[PDB]
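Peer 1: Residue numbers (the entry's author numbering), protein chains in the order written: chain L, 191 to 256; chain H, 8 to 293; chain G, 8 to 293; chain I, 8 to 293; chain J, 8 to 293; chain K, 29 to 89; chain M, 17 to 83, 141 to 204.
Ideal Cβ placement from N, Cα and C applies to all residues, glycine included.
Below are the structure tokens for one structure; questions will follow.
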Amino acid sequence: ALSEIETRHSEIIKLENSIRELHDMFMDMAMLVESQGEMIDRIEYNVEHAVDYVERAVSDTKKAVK
Amino acid sequence: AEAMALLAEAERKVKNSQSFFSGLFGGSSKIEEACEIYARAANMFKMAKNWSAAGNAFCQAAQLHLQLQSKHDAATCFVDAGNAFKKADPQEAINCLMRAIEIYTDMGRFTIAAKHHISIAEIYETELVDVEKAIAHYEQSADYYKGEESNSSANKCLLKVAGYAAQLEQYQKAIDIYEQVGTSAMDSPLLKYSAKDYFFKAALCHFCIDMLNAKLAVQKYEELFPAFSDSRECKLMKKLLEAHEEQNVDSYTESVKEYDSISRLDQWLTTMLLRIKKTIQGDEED
Amino acid sequence: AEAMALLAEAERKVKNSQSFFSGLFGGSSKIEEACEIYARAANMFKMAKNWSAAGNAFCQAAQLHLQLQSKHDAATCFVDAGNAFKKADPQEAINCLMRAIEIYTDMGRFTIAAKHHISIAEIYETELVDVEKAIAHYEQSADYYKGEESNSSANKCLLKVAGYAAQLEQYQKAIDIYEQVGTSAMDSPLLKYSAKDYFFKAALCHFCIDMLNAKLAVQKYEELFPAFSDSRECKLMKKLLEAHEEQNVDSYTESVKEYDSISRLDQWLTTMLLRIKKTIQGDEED
Amino acid sequence: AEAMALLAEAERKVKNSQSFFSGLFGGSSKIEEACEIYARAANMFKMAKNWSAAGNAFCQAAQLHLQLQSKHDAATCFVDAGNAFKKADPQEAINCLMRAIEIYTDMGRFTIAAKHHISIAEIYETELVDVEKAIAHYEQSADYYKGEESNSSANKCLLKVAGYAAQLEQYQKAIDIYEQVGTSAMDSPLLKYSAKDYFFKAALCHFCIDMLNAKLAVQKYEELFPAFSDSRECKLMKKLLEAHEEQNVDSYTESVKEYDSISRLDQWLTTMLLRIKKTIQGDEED
Amino acid sequence: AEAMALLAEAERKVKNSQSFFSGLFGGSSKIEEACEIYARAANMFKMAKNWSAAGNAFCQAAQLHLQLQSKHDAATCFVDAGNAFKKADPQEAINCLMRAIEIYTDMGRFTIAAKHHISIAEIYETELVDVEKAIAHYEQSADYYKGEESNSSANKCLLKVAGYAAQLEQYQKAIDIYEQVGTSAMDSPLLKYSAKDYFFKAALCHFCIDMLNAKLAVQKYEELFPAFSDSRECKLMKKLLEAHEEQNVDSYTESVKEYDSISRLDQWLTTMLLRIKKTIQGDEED
Amino acid sequence: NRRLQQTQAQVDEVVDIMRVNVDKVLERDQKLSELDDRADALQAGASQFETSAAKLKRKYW
Amino acid sequence: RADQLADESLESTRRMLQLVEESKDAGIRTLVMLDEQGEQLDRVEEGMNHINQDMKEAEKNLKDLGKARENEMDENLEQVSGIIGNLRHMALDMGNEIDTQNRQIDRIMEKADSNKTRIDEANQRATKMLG
């Protein structure tokens, strides 16, 4: 029936693009996961290094009393 | 290495030295030691799953910490205490948190003041069931987040505020919140996708308005046929607005029946849609 | 707990000591204490929601910090001042922000300099509405990001630049940006997907184009019919190029209506499409 | 530059000083020196792909580090040792982790303790094949995560627990876990979705219940036709319940035969489906 | 206040003191002072967008820093130098990174070493175009990631290795890599979705084998026709294996044409597919 | 026709998820940003302390 | 009309499959990164605790010094359905991962400030012992 194959059309087009919008999110999100994935590249960097500077700080201070 | 043992030594340590004990010096050096003791106790208390004991233990170490002058790490201890009581059996879950924020607030730490401010409003609702005090917090908290330009969290909290404000009859005061968080969302081409629901909520929330507050909010919204995300916002709304302006509680209840297929209604929507269905019924046979 | 009082004490201690006050040493030790004072003041000013007052207070604490020799934590204060003025009634914000960058830049902290730089132009566009000064910043900032290896961010900024450059009429200066951000987007198979819109924009922007600058940007494009994503870029473009080269403000305005079906047109697109829509009419009428 | 050389210098100095050697002060720095030595050795061992040696060397540096006064950095070393032995060819990978957590646990650090606790159980299953101890760890660890109100991870662990607990024989002990992780899943409408599978698993797990434990668990479930997702949960379950209540080892095997089309049958489900398939035959001839 | 002046001062003090100017203690602080100078110089160089000069300046501060006795922050400076040259116009970006990893490696900081190692191989391929060395790095780096149990990363590197290995005729060593990264992919039910492509790659890569290395890899692959994902993996492969076993360079070129519909081929695939397409013809005529 | 409307809401079901996921990336924006800057200014105040400590060393060692 | 209503829809169903499958790959990468990024944080946590423990040792010592078309078409539908219902699988997983790390970052930011303020106190309590 035309009322079926037709309703199907407007429904499928309202099914694919319904994924479009969703697809757009995976686009932006993915672009953000990598974007914010940069800060972590610095976090890991800073953290360990911050421990290096502090470690040298706790050492000198201890030897400054001995 | 026994809990009670530590608690005891800790007690004998925590006390302004005087007379023979004080000798020549003292003060912070002792009270600090006691703090570390109680913390070490609270540790094994959370071990044996005593909680209550662990929480109160942290309360001890914390309060003592203040007696030394160290609000920072103290407040953090207050947090360990709050988390303890929360996931425990006694109360105090609310007190510890208030005692933590009173510190983070004055110390000039709003970033966190809001972090636990939301946890607070979350417990004062899911536990104490005090929506009227929860909203006050969700709100003031969003204010702080907005100050830190953390628009995101600011919105998280506002969404909570309005969301429960509607359940608390505060419909108009809710739509205002949706209007603000709705206008302060278009700026980001990443919230355009979410900006819908805001308009749907604001267009559903009715402070018993007789004019077209909704027929106007639906218009303020920009829609086109090629939308598929929109099919879950105004398309339905318009059909509900006509079903309200015509006292037809059959077109509204049938439309909620159809719409309840392509997109399920959460508890919130149901409660409000029901409230609107009642504004229609209570107006028809009458 | 008195802001006014703190603002006074801070003054009484913020002054190069001499005579019986200076003693044997001193200097930075005092001015720092003063900074802490104004900070506490701005803190309660924001507590009472006087913001403006809090902002100017931070301005004082910051300015003082410079007089100590500590550009780092100083600039951070300038930031706080900006967040205050922004979520306040005065307009100051911009100033503080500029004063922040000059530090992060001279210090070498370009990473954060750009982190804020983008927020700068973001305010000079959402507030002062001065795109001419916004683009300059989005650009100078993208240079820093692109220098910090950070390609993604650099592209975010470039997108801002070109995007608003076409609104200001700078079409060619926009297509160049789209071309570059397009060739530097394929090196990441995690961006290829979006590389479309870039070509679509670069081909839409017309600096009173008369030939195939766009037909050339659409031909350089590699569309894969079985790669359906492209259906939101070139396929339309070709039909528009024909509707342009054939002085037909109907085929173009019909194609915009159809494409507006399979793919919702955003603000930007709309504005530019209408501009091209009139370049045809005036040519039908010459 | 030679491992065997450093390993030698590291020993002749890692000895409690006394008498003439002690000189004036102790040797809290000597032990630390030896630690840096073994670290450098284990360091080059990992370069020579001699892993085993690197691991045992790290074990040395770690153990010595405790002989100083630094449980933190020690435990982390225990982790390095485990990483080595793990990617290496010998065992010890399990011991290093037990010791590591031992420290993180006595120190008061449960977050990280659980972080390695799950790693442990994950090794004790896919490697040592010790499901009976693995579950013990997945569980205790989930308890720690639950102690940190970190529902997210707590569930990750619980799923493992119940999942393998059902494979073993613990069906009731499994359903209980699914009930807990199910009730503590609805509070957050961000897990509403997954909540099905939990009910599907719990309803599949049968502790030899001849009743409607599952017909009742499926009745407790909130499906509603308008919602689609549920189709991959109770829909099948009902038919299976009928095929169980009628000792029909054909309708059940046909139902799973069809369901495997609309929804892929993972290993887990299969193993259990076959187990139920056996309960039916074991009731037909009993 | 310009770098040109600083570069000079940094030299007028970076000289070992002697006579009355020295005394007893040398000048371990002088060398450090010079390092700070060059850092300030490279700093404004980076401000002037000179880059080249900024990089070589950092190289100076770095080397001197080594002349002191601080390998850590030195190597970090080497990184700043590399980031400069990389974003700069000259070369040296490769040398600075070499001198960086030699330090992070001998020091034991493999975690970060691999981080810069991949950056290295990525530059030695996209720039210098030295695939033979790039692979050596992508690989060794993946080995390090494998040691840190950072499976996630290790695979990112292995994919690069195999990918560029198939272009260098290394077909067999490619399939091996895909096998390893394929076996260490099933354990994680979060990568099963990608494992397919692995099997497809490994099956496509042919080291001129006449047996059924691919017909075997495709069989080892667990698929279920009622699958959706798997259609883009073995299904095609089978048809290709038959078109290979029948010296028919037409059903294979036809099949690649059909599959090129449900999924448009990428760089790699196409490049290899043409290779197999030639193996068939070269198998016909001769 | 059934399998059609059947797949519909199912897709939208994932769309509703991305929504929450998007709200998750925003949270990861506030954290990283401010924190990365704070921890970055840490090495600044930490390095200086290591410097002053060097002086305490050359006068007390 | 039923000829261009089904076919076009078929070409539409094709777009769906690829769009989701091509996005799922990005989802994998996302989860793949979420796992790695998780380790990078479990390595940052070690620092926060390390810094707060060491600074406590510094202060003490410091203060000390101080004091058939509809058939195959329908077949694709069954595929789309199985993929979407699967898109949630990761969508949910990536959710827990985030919520997890997000919580971990909270403890970092907190302690980070405590440590920062402390390191500053040490610096200030260090420039007052000279001489």
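Could you give the residue range of the alpha helix (DSSP H) that holds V36 of chain M?
Peer 2: Element bounds for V36 of chain M: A18 to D58.
Peer 1: Excluding sequence positions up to five away, which residues of its chain have a Cβ less than 8 Å from the Cβ of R142 of chain M?
Peer 2: If we look at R142 of chain M and ignore the five residues flanking it on each side, its Cβ neighbours are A22, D23 and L26.
Peer 1: Evaluate the contact criterion for the stretch 61-78 of chain M versus the stretch 181-191 of chain M: three or more CB pairs, one atom per stretch, below 8 Å.
Peer 2: The answer is yes - the stretch 181-191 of chain M touches the stretch 61-78 of chain M, with three or more Cβ pairs under 8 Å.
Peer 1: Just confirm the distance between the C-beta atoms of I38 of chain I and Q70 of chain I, as a whole number of angstroms; I'd bet it's less than 8 Å.
Peer 2: Wrong, their Cβ atoms sit about 10 Å apart, outside the cutoff.
Peer 1: Please report the Cβ distance between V42 of chain K and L212 of chain L, rounded to the nearest whole angstrom; I am assuming they are in contact, meaning their Cβ atoms lie under 8 Å.
Peer 2: 6 Å between Cβ atoms; contact.
Peer 1: Using beta-carbon positions only, say whether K20 of chain I and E43 of chain I come within less than 8 Å of one another.
Peer 2: No, the pair does not count as a contact, with Cβ atoms beyond the cut-off.
Peer 1: How far does the alpha helix (DSSP H) with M114 of chain I in it reach, from first residue to last?
Peer 2: Looking at the DSSP string, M114 of chain I is not in any alpha helix (DSSP H), and its letter there is neither H nor E.
Peer 1: Excluding the 5 residues preceding and the 5 following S35 of chain I in the sequence, name in chain order all residues of the same chain whose CB lies nearer than 8 Å to its CB.
Peer 2: Answer for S35 of chain I: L75 and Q76, listed in chain order.
Peer 1: Tell me, please, whether the CB atom of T29 of chain M is closer than 8 Å to any CB atom in chain L?
Peer 2: At least one chain L Cβ lies under 8 Å of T29 of chain M.
Peer 1: I want to verify the contact list: residues of chain K whose CB lies under 9 Å from the CB of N236 of chain L, in sequence order.
Peer 2: Here the neighbours are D64, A67, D68, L70 and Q71.
Peer 1: How is residue 306 of chain H classed by DSSP in three states: helix, strand or coil?
Peer 2: Outside the shown range of chain H, which is 8 to 293, sits residue 306 of chain H, and nothing can be said about it.
Peer 1: Which class does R271 of chain J belong to by DSSP, given the choice of helix, strand or coil?
Peer 2: Correct three-state label for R271 of chain J: coil.
Peer 1: Which residues, taken in chain order from the stretch 222-241 of chain H, show a beta carbon closer than 8 Å to some beta carbon of chain L?
Peer 2: Correct list: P233, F235, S236 and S238.
Peer 1: How would you label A64 of chain J, buried or exposed, when you count the other beta carbons within 10 angstroms and need 16 or more for buried?
Peer 2: The residue in question, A64 of chain J, is buried, as its Cβ has 16 or more Cβ neighbours within 10 Å.
Peer 1: Which runs of the alpha helix (DSSP H) at least 4 residues long sit entirely within the stretch 219-274 of chain I? Give them in chain order.
Peer 2: Segments of the alpha helix (DSSP H) lying fully in the stretch 219-274 of chain I: 220-227, 241-252 and 258-269.
Peer 1: In whole angstroms, give me the CA-to-CA distance for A91 of chain G and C66 of chain I.
Peer 2: So the two alpha carbons sit approximately 53 Å from each other.
Peer 1: Select from K:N49, K:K87, K:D40 and K:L84 the residue whose C-alpha is nearest the C-alpha of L198 of chain I.
Peer 2: With distances taken between Cα atoms, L198 of chain I lies closest to K:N49.
Peer 1: Quick one, which of K:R47, K:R31, K:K59 and K:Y88 has its alpha-carbon nearest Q177 of chain M's?
Peer 2: It is K:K59 whose Cα lies nearest to the Cα of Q177 of chain M.
Peer 1: So, does the CB of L35 of chain M fall closer than 8 Å to a CB anywhere in chain K?
Peer 2: With 8 Å as the cut-off, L35 of chain M does not count as an interface residue toward chain K.
Peer 1: Any beta-carbon of chain G closer than 8 Å to the one on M215 of chain L?
Peer 2: Answer no: the Cβ-Cβ gap between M215 of chain L and chain G never drops below 8 Å.
Peer 1: If you reduce the DSSP assignment to three classes, tell me which class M193 of chain H lands in.
Peer 2: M193 of chain H: coil per DSSP, three-state reduction.
Peer 1: When you compare only the Cα positions, how much space is there between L280 of chain J and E249 of chain J?
Peer 2: Rounded to whole angstroms, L280 of chain J to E249 of chain J spans 14 Å at the Cα level.
Peer 1: Compute the Euclidean distance between the alpha carbons of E230 of chain J and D237 of chain J, then round it to the nearest angstrom.
Peer 2: Going from the Cα of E230 of chain J to the Cα of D237 of chain J covers about 6 Å.
Peer 1: Rounded to whole angstroms, what is the Cα-Cα separation between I216 of chain H and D267 of chain H?
Peer 2: About 25 Å.
Peer 1: Report yes if the CB atom of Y152 of chain G is closer than 8 Å to the CB atom of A161 of chain G, and no otherwise.
Peer 2: For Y152 of chain G and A161 of chain G, yes; Cβs fall inside 8 Å.
Peer 1: With a CB to CB cut of under 6 Å and the five nearest residues on each side skipped, what residues in its chain are close to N255 of chain G?
Peer 2: Around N255 of chain G: no qualifying Cβ.
Peer 1: Got a sec, what are the start and stop residues for the alpha helix (DSSP H) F206 of chain J sits in?
Peer 2: From DSSP, the alpha helix (DSSP H) with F206 of chain J extends over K199 to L211.
Peer 1: Between which two residues does the alpha helix (DSSP H) harbouring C66 of chain H extend?
Peer 2: From DSSP, the alpha helix (DSSP H) with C66 of chain H extends over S59 to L73.
Peer 1: Assuming contact is defined by CB atoms lying nearer than 8 Å, are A61 of chain I and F52 of chain I in contact in what I supplied?
Peer 2: Yes, they are a contact pair.
Peer 1: Tell me which same chain residues have a C-beta within less than 7 Å of the C-beta of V168 of chain G, skipping the five on either side of it?
Peer 2: Contacts found: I142, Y145, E146, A149 and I184.
Peer 1: How long is the line joining the alpha carbons of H213 of chain J and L243 of chain J, rounded to whole angstroms?
Peer 2: Taking the straight line joining both Cα atoms gives about 16 Å.
Peer 1: Pick helix, strand or coil for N23 of chain J, following the three-state DSSP scheme.
Peer 2: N23 of chain J falls in the coil class under three-state DSSP.
Peer 1: Count Cβ pairs between the stretch 160-170 of chain M and the stretch 41-56 of chain M that sit closer than 8 Å; are there 3 or more?
Peer 2: Enough Cβ pairs lie closer than 8 Å, so yes.
Peer 1: Checking 8 Å against the spacing of the C-beta atoms, do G115 of chain J and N57 of chain I come in under that value?
Peer 2: Taking 8 Å as the Cβ cut-off, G115 of chain J and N57 of chain I do not qualify as a contacting pair.
Peer 1: Would you say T173 of chain M and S157 of chain I are within 8 Å of each other, going by their C-beta atoms?
Peer 2: Contact flag set, yes.
Peer 1: Got a sec: is the Cβ-Cβ distance from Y200 of chain I to anything in chain K below 8 Å?
Peer 2: So, interface residue.
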